[PDB]
Amino acid sequence: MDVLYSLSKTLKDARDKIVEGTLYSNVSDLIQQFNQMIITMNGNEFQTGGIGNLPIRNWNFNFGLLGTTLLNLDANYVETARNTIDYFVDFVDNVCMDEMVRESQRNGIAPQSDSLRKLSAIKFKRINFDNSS
Amino acid sequence: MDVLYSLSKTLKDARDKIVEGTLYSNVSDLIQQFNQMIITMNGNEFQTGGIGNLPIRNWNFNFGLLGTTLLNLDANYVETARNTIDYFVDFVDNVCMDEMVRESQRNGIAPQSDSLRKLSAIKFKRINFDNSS
Amino acid sequence: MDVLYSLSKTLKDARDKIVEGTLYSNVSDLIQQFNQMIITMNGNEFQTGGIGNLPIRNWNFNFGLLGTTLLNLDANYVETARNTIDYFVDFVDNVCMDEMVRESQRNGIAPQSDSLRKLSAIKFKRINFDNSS
Amino acid sequence: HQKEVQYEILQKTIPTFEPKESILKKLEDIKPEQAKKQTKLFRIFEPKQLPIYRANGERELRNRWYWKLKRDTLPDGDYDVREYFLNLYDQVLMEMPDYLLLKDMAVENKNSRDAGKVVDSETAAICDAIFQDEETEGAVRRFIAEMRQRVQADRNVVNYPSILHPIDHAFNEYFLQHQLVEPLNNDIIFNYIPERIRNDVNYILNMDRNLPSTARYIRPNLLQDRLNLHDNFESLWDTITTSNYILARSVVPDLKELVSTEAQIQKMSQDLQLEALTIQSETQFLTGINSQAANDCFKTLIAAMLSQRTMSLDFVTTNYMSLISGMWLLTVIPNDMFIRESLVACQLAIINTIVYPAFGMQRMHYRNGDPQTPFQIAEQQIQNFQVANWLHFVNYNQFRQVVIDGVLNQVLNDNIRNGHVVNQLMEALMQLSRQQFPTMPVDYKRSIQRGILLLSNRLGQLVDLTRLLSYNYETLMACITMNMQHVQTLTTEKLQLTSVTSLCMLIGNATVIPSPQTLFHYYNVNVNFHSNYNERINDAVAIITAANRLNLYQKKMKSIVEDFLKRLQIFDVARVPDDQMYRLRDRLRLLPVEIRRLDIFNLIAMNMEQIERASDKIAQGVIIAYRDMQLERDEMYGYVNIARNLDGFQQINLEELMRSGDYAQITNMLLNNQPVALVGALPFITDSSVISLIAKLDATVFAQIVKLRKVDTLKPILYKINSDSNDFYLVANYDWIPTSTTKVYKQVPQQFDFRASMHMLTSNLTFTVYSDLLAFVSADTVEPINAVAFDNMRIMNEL
C-alpha cells in the first residue's frame, strides 16, 4: 500500500522531469530512484483482474536501466524512457482498479487483491519514496 | 516570522521523506538542513503561554545529529528520528498558539509573543528555508 | 510554448529558494538551471506589443552568471540576483500579454506573437525544465 | 603429473601475489592521508601592462592594465582544447587543501600609513604598482594606504585584504568555506573504540591527556560496499579474502604452557596398540609437534573465520585417530566454512567405519547428489538418544546473519560460546565406546574403542578450549569495518586433521587474550584500508563522469579501472579477466558523484569559455565572404579584421569535418566562392604590413584543404597594422578605406577594475590536526588467570 503510492509518485515525476533538452543535474536524483524501481521489479510476475467483467491480464517485468552519462537530455534519451513508463503506468491502473472493486467484512483495512498482497513483502519495500499527499 | 515558517517546512518534509526503506540520495539534502536546524537550536531555552487558560511551558533543546552514512534507511534510523521530530512539532504548536492569541494596536505587524521576538535575531537566521506557500 | 513555461517555473523558484541565510546545498541545483538560462538568452533581442493600446517594447539580454562558491547565502548574493530576476519577470509579462491578445482561424494551436515564434527554435530548447502544472 | 598443470590454469586468472606472505607488508604500508596546507592563493590570471592605440593613430604616452592568462599552454583543435581542461581538472583534485590558515601567508603592506598587511606576496606586488603609476584615481591610491586587517585573537577569526580575479576568488572562497577539519575532544575518542571493548571487564581504558579547543581532526570515509564485489566478481573476491586471512593470522595470540609432547605420544602409543594389523604403524603419529601444529591450527581456525575464507580437509581414511578428532572440529566450527565436496567426504568417513559399525547397521551409499549430508541421513536412521542429540546439532550448526552498528557479521550459538556442547560430544562418543561392534575383529575393535577414550576422558580440557576459541574470535571481530559477506571462495586454504589431533591432545589451562596494543593495531589497519577503498571509488567515478560530460569519446575508460585497482595495492592487475574488468566499469558509471568533487567540476565547466578566449595562442574561427568588408577600429591593435559573432554565415565544425573524412561541401563551397564560417580552435598568424594587406594575402591559405585533405595545417592571418611596427605611411598619406575579405574571430580582453577585484578573506588563527586518535588512550589488562567471558564466569576452569 505504501509501495503502491511510491510507484505512482515516481512515474508522475518521470513524465514531468525527464523532458527533452533539460539539464542532467535537474534529474540526477530521480534516475537513481527510477533505476532502483526497475532492479526490484525485474524477474517478478503478477496477475490482475478476474471479478465481474474486469479482464484477466498477466504482467511480466524485464527492462534495462537508464543511462547516467549525458549533460543535456536528448530525444534518444526521452523516447527510450517513454516506452518503459507506458508499461508501468498501465500496470498501476489495473492494480488500482483491482483494489477499488473488492471488499471484506472482517478486516477491510488489509489489502484484498492478489497483486497488492504480493507487493506487501519486505522485498518490495526499497521502492518506498516520499509520502506527501 | 520567516524562521518560524522555516521550522515547520522541514518538519513537514522530515515526516514525509524520511521513511523506511527509501534510498539515501532522496533525502541527502534534507538531512543537511535538519542537522543544521539542531546545531542552531541547541543550548537555547524558551517559554510559551501565560495568557488566559493557556498553560506555561518551558522548552529546552539538547539533541544529537543524524547519521549520514547509510545507503537505504532502516527502522533504526527512522525510529531515532521520530523521537526528535515529535519534540519540535510540539514546540511549534505552542508558539503558534501563543501568537494567534495576542494583539497590539501601535504596530500589529511586529511579533508579540516572547518566543517569536527571540527567534527574530540574526543567530536564528541560518534556519531559513524556502518560502513557497 | 514549452520553454515559456520553463522560464516562469525557475523564476518562481528563484524568488522562493534564493533567500538570505539559506544553506547552499538547498539551492545547488537551481543555480545550475538559472545560470544555464542566462547563457542561452544572452546576445538575443526581442520585441513585444503593437496591437491595440499595448505599447511596443524592445528587450535585450546581457547579464552575468551567479556565484557558486558560498556556504550560506548573504545579502550581497540576494541583492545581486534580485536585479536580474526583476528584468526577466518583466519580460515574461509582456510575452504572455502579447499572446493572450492574438488569435488565428486556420491553426490556432500555433504561436501567434513574434516573440513566442522566436522562442520555438532548437537553440532555446535547453531552457526546458519540469512540466508539472 | 597433470595435477600441477591444471591447477596453474586456474591460478593465472587470480590476482593474488605469488609469495603469499608478502601481502602483509602491502596492507601495513597503507597510511592515512596527511592533512594538506597550501602556501599560495591559486592564481590563474595576472594583471599586466599593455600598450594601447588611438583611433586611426599611434601609441599614446600611456598604458592599461589587463587580465592576462599566465602560462598559456592551450593547444589547438576542439578535442585537444577540452581535453586540456581534464588535466586541469585533475590538477585541481590532487592539490586542493584540507585546511587554510591565512596568518602564515600574510605580508606587510609597505605603502600603509600604520602597521597594515595584505594576504600574500603577489597581492603586495600588484598593489604597489597601482600606488605608483600616474593613472589611478585619488580614491583608490588614498585607499590602499588605509586598508586594514583585523586580527581578533579570541574566537580565532582573522581578516586580510586580497586582490584576485573573480574566477580566482571563486576557487578560493570554496576552499575557505568548505574544509574537512572539525573539532576534537575526549568524547569523540571514547566513541571511537569498538563496542565490546567499551563494555568489557577484561580491559581498562581512560583518558590521560587534556585536549584544548584548538585540537582538530578529519573523519576518514567509512561507507559500505556501493559496488557489490561478492556476487559476480568471483576471481576478484578470492584475493580479498586471502588478504584478510594473512592479516588476521598475524594478530591471534600464541598458545602457552602446553602438555609436554614426549609424555603425550607415550600414552597414545600404548593405549592403542600398534602391532595389530596396520601397515602405517608410525605414519599414524605426526602430531608430535606442538608449536607447529597446535599453534598453526589455532591460528588457522580463527583467521579463516574472521576473513570468511573457505576451508578444505586433508586426512587419511585409514588413520582413525585423525578421524575421531574430526568429530570435535565439526561440532564447534560451522559447516558453512568448509567446501561441500570436502565436508561430505569427511562426514562419510566417520560414518562408514564408525557411526553405522557402532550399531551393526549396513554401510550406506550416498549417490553424490542430494541436499542431504551424511550426518543428515544418519540422524533419522538411528534411534539412540545420546548420538542423535549430537547429529542434530552438528548439521544445523551454522552462522547467524545480523548487523551491529552498520556492520553485518557472522556469529554462532550460545552452546559453543560456552563449552556446553562438548558435554554432548562426550556422552555420544562415550556411548559408542561400548558397542560390541558386531562382525568386527576384536583386535581392531579394542584399538578403536580405546582411541575414543583418549578423547572422551579429556572433557574438562575441551570444554575450556572451545571456551577460549570463541572468545578470541569474539574479541577480534569488534575491529571489523567491512561486512562479513559469506560466499564460497574459488581457491581454498587447506586444513590437515593431524593439526587438530595435535590441538586436542596438547592443550593446557593457560589463558591467552589479545593485548590492547594488538587490538588497536588490528583496528587501525582495517580503517586505513576501508578509507582507502572509498576514496579511490570517489576519485574514479569523478574522472569517468567528467570525461563523459566533457565529450571525450576516445577516452577508453579501461585505463581508469586499471589505475583504480593498482592503488588498492593488493591486486596483480595484469591477471584480472576481461569480463570482470568490464563489469567493474559499468558499475562505476551508475554511481553518484561526491559533492566536493562535483562542486568543482561545475566551477570549472562554467568558466571554460572565458579561460579559452583569453589565450594569446588560438583564435576560434574565421569567416570568408568574398567581398571587401572594411577593417575595424580597435584601441588594442590599431586596425584589425576582428569578428565578434557569426551571423548570416554557415557554421561548419572543423572537428566533425575531420572525423568524418568525407568533405564534399568544403570542396564545393571553396571552388565556387561561397560565403562560409569555419568554427574551430585554430592558431593564427599576426601581420603588421600594409603591403601584405594590399597583396590580398589572407585569401591564399585555404587551398591547402582541398589538396592535402587535412585540416590540422589551417593557419590564417590577423592584420595588426599601426603607426609604430611597420611602414604605416600608406594609410596616413593617401585617401583609401582599408578593406579585406576575411575576418579572424577573436575576443578582446577585459581590463583591471580595482573595485571589482578586491576582496576580504576570513579564516582561523591557529589550530593543530591530530591523526592516530588512539594514542590518547591508556590501555591496561587484567591478569589472565582472572579473565572471564560474557557470562561473568571464568574461562579455563581447568586449574
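Cβ sites come from the backbone with ideal geometry, for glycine too, and all protein chains shown count toward neighbours. Where a number appears in this text, it was derived from the coordinates with a stated rule and is not lab data.
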Total residues in region D:168-195, condition in a helix (DSSP H, G or I), crowded, with 17+ Cβ neighbours inside 10 Å and away from chain C (no Cβ under 14 Å): 1
Flag for D:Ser269 being touching a helix residue (DSSP H, G or I) at 6+ places or on another chain (Cβ under 7 Å) and of a type in the set (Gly, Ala, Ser): no
Are any of the residues in region D:229-247 touching a strand residue (DSSP E or B) at 6+ places or on another chain (Cβ under 9 Å) and under 30 Å from D:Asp599 (Cβ atoms)? no
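Within region D:101-114, is even one residue within 31 Å of the chain's Cα centre (by Cα), over 18 Å from D:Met758 (Cα atoms) and more than 14 Å from chain C (Cβ to nearest Cβ)?
Kept after step one, since they are within 31 Å of the chain's Cα centre (by Cα), are these residues of region D:101-114: D:101.
Now drop any that are not over 18 Å from D:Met758 (Cα atoms), which leaves D:101.
Next cut, more than 14 Å from chain C (Cβ to nearest Cβ) only: D:101.
Yes: region D:101-114 contains one or more residues that are within 31 Å of the chain's Cα centre (by Cα), over 18 Å from D:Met758 (Cα atoms) and more than 14 Å from chain C (Cβ to nearest Cβ).
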Checked pairs for region A:59-77, first among the acidic types (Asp, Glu), second in a loop (DSSP other than H, G, I, E, B), C-beta under 8 Å and 6 or more apart or across chains, list as A:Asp74/A:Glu20; A:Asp74/A:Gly21
For region B:18-52, enumerate the residues that are among the hydrophobic types (A, V, I, L, M, F, W, C) and surrounded by fewer than 16 Cβ atoms within 10 Å (Cβ to Cβ). B:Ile39, B:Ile51
For C:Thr84, state whether it is free of Cβ contacts under 8 Å to residues at least 60 places away in the same chain, part of a loop (DSSP other than H, G, I, E, B) and under 21 Å from A:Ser25 (Cβ atoms). no
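Okay, residues lined up against (1) closer than 23 Å to A:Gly67 by Cα; (2) more than 17 Å from the chain's Cα centre (by Cα); (3) away from every other protein chain (no Cβ under 11 Å); (4) not charged (D, E, K, R):
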residue	(1), (2), (3), (4)
D:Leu568	no, no, yes, yes
D:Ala574	no, yes, yes, yes
D:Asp579	yes, yes, yes, no
D:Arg583	yes, yes, yes, no
D:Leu588	yes, no, no, yes
D:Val593	yes, no, no, yes
D:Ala605	yes, yes, no, yes
D:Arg613	no, yes, yes, no
D:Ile618	no, yes, yes, yes
With respect to the numbered conditions (1) surrounded by 17 or more Cβ atoms within 10 Å (Cβ to Cβ); (2) within 14 Å of chain A (Cβ to nearest Cβ); (3) in a loop (DSSP other than H, G, I, E, B), which one is the sole condition not fulfilled by D:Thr545? (3)
Restrict the check to region D:90-101 and report whether at least one residue is on the phi > 0 side of the Ramachandran plot, in a loop (DSSP other than H, G, I, E, B) and buried (at least 17 other Cβ atoms within 10 Å of the Cβ). no
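Here is a yes/no grid of residues against (1) surrounded by fewer than 18 Cβ atoms within 10 Å (Cβ to Cβ); (2) free of Cβ contacts under 8 Å to residues at least 60 places away in the same chain; (3) of a type in the set (S, T, N, Q):
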residue	(1), (2), (3)
D:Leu286	yes, no, no
D:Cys297	no, no, no
D:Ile302	no, no, no
D:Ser325	no, no, yes
For region D:215-256, name all the residues that are within 14 Å of chain B (Cβ to nearest Cβ) and either under 18 Å from D:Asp29 (Cα atoms) or outside any loop (DSSP other than H, G, I, E, B) (or both). D:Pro220
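Counting just the residues of region A:116-125 that are buried (at least 19 other Cβ atoms within 10 Å of the Cβ) and part of a helix (DSSP H, G or I), which one comes out nearest to the other protein chains (Cβ to nearest Cβ)? Outline the logic, then answer.
Filtering region A:116-125 down to residues buried (at least 19 other Cβ atoms within 10 Å of the Cβ) leaves A:116, A:119, A:124.
Those left that are additionally part of a helix (DSSP H, G or I): A:116, A:124.
Details: A:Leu116: 17, A:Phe124: 9 Å.
Among those that are buried (at least 19 other Cβ atoms within 10 Å of the Cβ) and part of a helix (DSSP H, G or I), it is A:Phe124.
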Could you grab the pairs with beta carbons closer than 7 Å, sequence gap of 6+ or different chains, first residue in region D:632-658 and at positive phi, second one in a loop (DSSP other than H, G, I, E, B)? D:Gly638/D:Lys720; D:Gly638/D:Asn722
Pick from region D:607-629 the residues that are in a strand (DSSP E or B) and either in contact with a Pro (Cβ under 8 Å, 6 or more places away or on another chain) or of a type in the set (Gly, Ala, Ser) (or both): which of them is surrounded by the most Cβ atoms within 10 Å (Cβ to Cβ)? D:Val622
Considering only region A:8-41, state which residues are more than 10 Å from chain C (Cβ to nearest Cβ) and either among the acidic types (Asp, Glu) or more than 22 Å from A:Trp59 (Cβ to Cβ) (or both). A:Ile31, A:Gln32
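Would you point out which residue out of D:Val407, D:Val403 is farther than 30 Å from D:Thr439 by Cα, loosely packed, with under 15 Cβ neighbours inside 10 Å and of a type in the set (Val, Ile, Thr)?
Details: D:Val407 fails: loosely packed, with under 15 Cβ neighbours inside 10 Å.
Only one candidate qualifies: D:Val403.
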Do the conditions hold for B:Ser104, that is, is it among the polar types (S, T, N, Q) and either exposed (fewer than 12 other Cβ atoms within 10 Å of the Cβ) or in contact with a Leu (Cβ under 8 Å, 6 or more places away or on another chain) (or both)? yes
Take the residues in region C:53-71 that are away from chain D (no Cβ under 14 Å) and farther than 18 Å from C:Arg82 by Cβ; name whichever of them is surrounded by the fewest Cβ atoms within 10 Å (Cβ to Cβ). C:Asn53
Among (1) of a type outside the set (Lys, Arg); (2) over 30 Å from D:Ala779 (Cβ atoms); (3) touching a residue at least 40 places away in the same chain (Cβ under 8 Å); (4) assigned to a helix (DSSP H, G or I) - the single one D:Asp579 does not satisfy: (3)
Confirm whether B:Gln112 is part of a loop (DSSP other than H, G, I, E, B), of a type outside the set (A, V, I, L, M, F, W, C) and more than 20 Å from B:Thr10 (Cα to Cα). yes
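Rundown of residues vs (1) farther than 21 Å from D:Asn335 by Cα; (2) outside any helix (DSSP H, G or I), yes/no style:
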position	(1), (2)
D:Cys346	no, no
D:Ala349	no, no
D:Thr353	yes, no
D:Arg363	yes, yes
D:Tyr366	no, yes
D:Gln380	no, yes
D:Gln383	yes, yes
D:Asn389	no, no
D:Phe393	no, no
Tell me, please, whether a residue that is within 25 Å of the chain's Cα centre (by Cα), away from every other protein chain (no Cβ under 14 Å) and crowded, with 18+ Cβ neighbours inside 10 Å can be found in region D:198-214. no
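Just checking, which of D:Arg340, D:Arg363 is touching a helix residue (DSSP H, G or I) at 6+ places or on another chain (Cβ under 7 Å) and surrounded by fewer than 22 Cβ atoms within 10 Å (Cβ to Cβ)?
Details: D:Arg340 fails: touching a helix residue (DSSP H, G or I) at 6+ places or on another chain (Cβ under 7 Å).
Going through D:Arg340, D:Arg363 in turn, just one is touching a helix residue (DSSP H, G or I) at 6+ places or on another chain (Cβ under 7 Å) and surrounded by fewer than 22 Cβ atoms within 10 Å (Cβ to Cβ): D:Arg363.
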Which residues, taken from region D:630-670, are surrounded by 18 or more Cβ atoms within 10 Å (Cβ to Cβ), part of a loop (DSSP other than H, G, I, E, B) and hydroxyl-bearing (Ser, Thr, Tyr)? D:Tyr637
So which of D:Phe143, D:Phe131 ends up being in a helix (DSSP H, G or I), more than 14 Å from chain C (Cβ to nearest Cβ), aromatic (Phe, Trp, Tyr) and out of contact with any strand residue (DSSP E or B) (no Cβ under 7 Å at 6 or more places or on another chain)? D:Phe131
